[PDB]
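*Asks:* I'd like to ask you about the structure that follows.
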Amino acid sequence: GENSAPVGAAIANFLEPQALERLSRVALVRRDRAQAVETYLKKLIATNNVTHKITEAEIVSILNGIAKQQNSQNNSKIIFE
């Protein structure tokens, strides 16, 4: 209750009921994917990105990217030298 936000409560309220259930199902098979979804939300809110939440449409799209992200790659901002 209240606006305490221990650690995961702050991000738990930034999700959808239907989307939350989906994340639980995927985590059962691939926890790595579900871990990135929960960590991604906290990353955006903790950083500054707080203009939208994660719905069933967003969670499915991000989940697909999460699995694809782990495909032997580590270049994002270090490609200018």
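Chain labels follow the order of the structure tokens: the first chain is A, the next B, and so on; residue numbering restarts at 1 in every chain, and ligands are counted from 1 in their shown order.
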Report the residues of chain A whose backbone DSSP state falls under helix (DSSP H, G or I), written as number ranges by chain.

*Replies:* A: 9-12, 17-29, 31-47, 56-69

*Asks:* Suppose you want the space between atom CA of residue A:32 and atom CA of residue A:72; what is it in Å?

*Replies:*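 Between atom CA of residue A:32 and atom CA of residue A:72 the gap is 15.5 Å.
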
*Asks:* Give me the residues near residue A:14 as a VMD selection string, where near means some atom within 10 Å (using only C-alpha atoms) and where sequence neighbours in that chain fewer than 3 positions away do not count.

*Replies:* chain A and resid 9 to 11 41 to 42 45 50 52 to 55

*Asks:* Using C-alpha atoms, can you write the selected residues to a file as a compact mmCIF listing (two decimals), in the first residue's frame?

*Replies:*
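Just written: selection30.txt:
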# COMPACT_ATOMS: atom_id res chain seq x y z
CA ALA A 9 6.41 -2.48 -6.18
CA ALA A 10 7.28 0.73 -8.07
CA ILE A 11 7.68 -1.18 -11.35
CA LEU A 41 10.70 -1.58 -17.25
CA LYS A 42 12.74 -0.62 -14.17
CA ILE A 45 11.65 4.32 -15.13
CA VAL A 50 8.30 7.25 -18.11
CA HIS A 52 4.15 4.76 -21.18
CA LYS A 53 3.71 1.33 -19.54
CA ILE A 54 4.16 -2.26 -20.76
CA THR A 55 0.97 -3.77 -22.21

*Asks:* Could you tell me which of A:44, A:12, A:5, A:34 comes closest to residue A:64 if we count only C-alpha atoms?

*Replies:* A:34

*Asks:* Env of stretch 37-40 of chain A: 8 Å cut, atoms = only C-alpha atoms, seq-sep filter 3 positions within chain, self excluded. Answer as JSON, numbers by chain.

*Replies:* {"A": [11, 23, 33, 34, 43, 44, 59, 62, 63, 66]}

*Asks:* Pick the closest to residue A:60 from A:79, A:2, A:18, A:8: which is it, counting only C-alpha atoms?

*Replies:*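 For residue A:60, the nearest of the given residues is A:18.
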
*Asks:* Pick from A:67, A:36, A:7, A:57: nearest to residue A:22, with only C-alpha atoms counted?

*Replies:*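 Looking only at the distances to residue A:22, the closest residue turns out to be A:57.
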
*Asks:* Can you work out which one of A:58, A:1, A:51, A:46 has the shortest atom-to-atom distance to residue A:19, counting only C-alpha atoms?

*Replies:*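 When distances to residue A:19 are compared using only C-alpha atoms, the smallest one comes from A:58.
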